[PDB]
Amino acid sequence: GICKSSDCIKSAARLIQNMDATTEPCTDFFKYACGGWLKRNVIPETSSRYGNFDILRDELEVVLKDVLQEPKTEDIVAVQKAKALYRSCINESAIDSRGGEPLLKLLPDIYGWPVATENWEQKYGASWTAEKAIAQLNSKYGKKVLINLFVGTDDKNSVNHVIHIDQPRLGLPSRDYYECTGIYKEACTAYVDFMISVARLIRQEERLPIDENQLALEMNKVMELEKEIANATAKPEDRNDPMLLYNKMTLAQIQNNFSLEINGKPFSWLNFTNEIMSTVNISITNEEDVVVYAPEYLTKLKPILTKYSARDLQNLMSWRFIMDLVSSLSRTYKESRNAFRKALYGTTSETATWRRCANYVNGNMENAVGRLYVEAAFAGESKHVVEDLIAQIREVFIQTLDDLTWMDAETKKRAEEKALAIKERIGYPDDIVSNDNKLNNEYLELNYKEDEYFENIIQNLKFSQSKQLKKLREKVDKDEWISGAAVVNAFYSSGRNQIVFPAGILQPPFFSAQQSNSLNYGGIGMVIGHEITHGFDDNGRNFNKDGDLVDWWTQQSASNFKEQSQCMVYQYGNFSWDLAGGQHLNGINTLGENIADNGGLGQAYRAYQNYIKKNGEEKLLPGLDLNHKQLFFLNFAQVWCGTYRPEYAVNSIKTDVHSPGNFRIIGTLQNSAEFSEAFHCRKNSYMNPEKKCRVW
């Protein structure tokens, strides 16, 4: 009564080799699940993190390489343009030839980089103003500095676009880094040395005089500027309530309530806004509605910005763009980035060029590349099996509402309404295969030169930004998928109320039509519940069946939700992570993803139970003295085998909304009565605490 199928001994092989039986699963189910993997493997020098998810991603890139690298005679133009962009990206001879000179020719278009410019005040500083310089950077190149203004979906009306104003991203991974002490010191030092190294090469290439002291001096200035910007930004934790974040305002209110004085403006929001939108030829008057996400950042900006020269501002502004660009130049410019990324990521080397390039084309031509990927790599009847799976887990969520004692009937039923209304996207959109005209036309307006990678990348920045801006007055496309298909991941959009499972994750260990159902439910099954449960986490409960930010909770049920979820805030917030020097997880910033995990695991388990009810129990797997309840959780766990470099652990504890994989396992199974049953765990065994968190 052992299954002896080749597909059976495949997954058994994988389960066996990853796990370590020497460990008591009730003591540390991560070590049990994954201890075999830990011992056998080492984080490559190019990886900040490694494990099964990351391995799937390296394997996906291999297919991408196979599909991109060989011209084919009946390649439609869409595929021809991706291949040419790939070839343009992997030709380092051509790139190295060009030195920095494609940067040098850019710089005049963004009002210069002062520290690397003679007589900048004369050249640029006379025409300069904040409104134009920020706007140029924003509209043409999609780099948002100082004040991030973008066109996105209106949270309170999901068919429309609105102008938003938000705080800008920083050059270091999180506001925390800018303390620049302790675990942060080297990142801070490498950052400014990076500035300095880049200003130096530019100066040398322009054959300008180099004074190390005035470089150190301007670039430290830029750091002090951004420190202030950083401290002015709002924490993630003050930003996690979308009803509070949503402040709709007329450009006219904005002008009255958020004055700025830059280089002695003073600052004019209408001009700023028009200097952006005039680029898709759109007209803004002071009656425009705007969603302001960081009112308090803007208020705080005021007395900071006043202190600094036009030269100072622009030295930061341009740096934040040049940052990104420098690894698309010659080796010496690539070199200049070494210590910085070592500090942030721990890696001693860059990823293979072909891999970077595959990934880049994927990210800029996701439909073109998803079509090639799925034709190479994805099965087709997979789509049908997952759909039915998704239908099952959706039902279980609905049916579960009835057992949840912390909601009221009105709220439950509105929650039902939302479930049923979730839109599922599976594998890929048929169109990218069956409609060449459509596929070609999405890239019509791009044309790549094979010896011109940098110009290609620039063209994509401008194209993408022009396209985004063009949306202001147009309706949101209800057909758009929120991920390419060539992605190892799944997704939920609140704005759209849509779950998506790209072909790339539809493979072992999450899914195969031929592997045991225990495994599929514990794999893609729990992924499905994760994504659906996002519709009802601390963010996505605030949006209704239609993707609109509107309150559909009673006060009591909402207050209960906070109460139930607070348990997970504390649980995870109480994990400390050796690889990040004992620092604790942020229990608030991971909350949503933690809720998704615990809700999703439970949902999937329930569906598997239902499956057994209906269908009977499964042939066992050879090599493994475990039943299928046990394998369900094993495979759940092994999804997350892996580990982190210290430097990157320090990064993601702050910047990742996910808990690290080991604690997604630990926290989730800790909360799972069904787990301690399967493995016969004594009370208050580490994996079986008396107190268990539950929301969904």
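Numbers for residues come from their place in the sequence shown, where the first is 1. Just so we're on the same page, rigid core means the largest C-alpha set that superposes within 1.5 Å between forms.
Stretch 124 to 132 is the one, of 584 to 592 and 124 to 132, whose CA positions lie farther from the shown form in 6 other deposited structures of this protein once all structures are superposed by the rigid core. Relative to one another, 644 to 652 and 65 to 73 have unequal mean CA B-factors, and 65 to 73 is the one with the higher figure.
For the two regions 308 to 316 and 373 to 381, the entry's Cα B-factors average higher over 373 to 381. Comparing the listed residues 167, 281, 138, 88, the entry records the largest Cα B-factor for 281.
Among 176, 193, 366, 131, the highest C-alpha B-factor recorded in the PDB entry belongs to 131.
Ranked by C-alpha B-factor against the other modelled residues of its chain, residue 669 falls in the middle third. Ranked by Cα temperature factor within the chain, residue 531 sits in the lowest third according to the deposited record. Residue 41: CA B factor in the highest third of modelled residues in this chain (values from the PDB entry). Sorting the modelled residues of the chain by their CA temperature factor places residue 492 in the lowest third. Sort the modelled residues of the chain by CA B factor and residue 484 lands in the lowest third.
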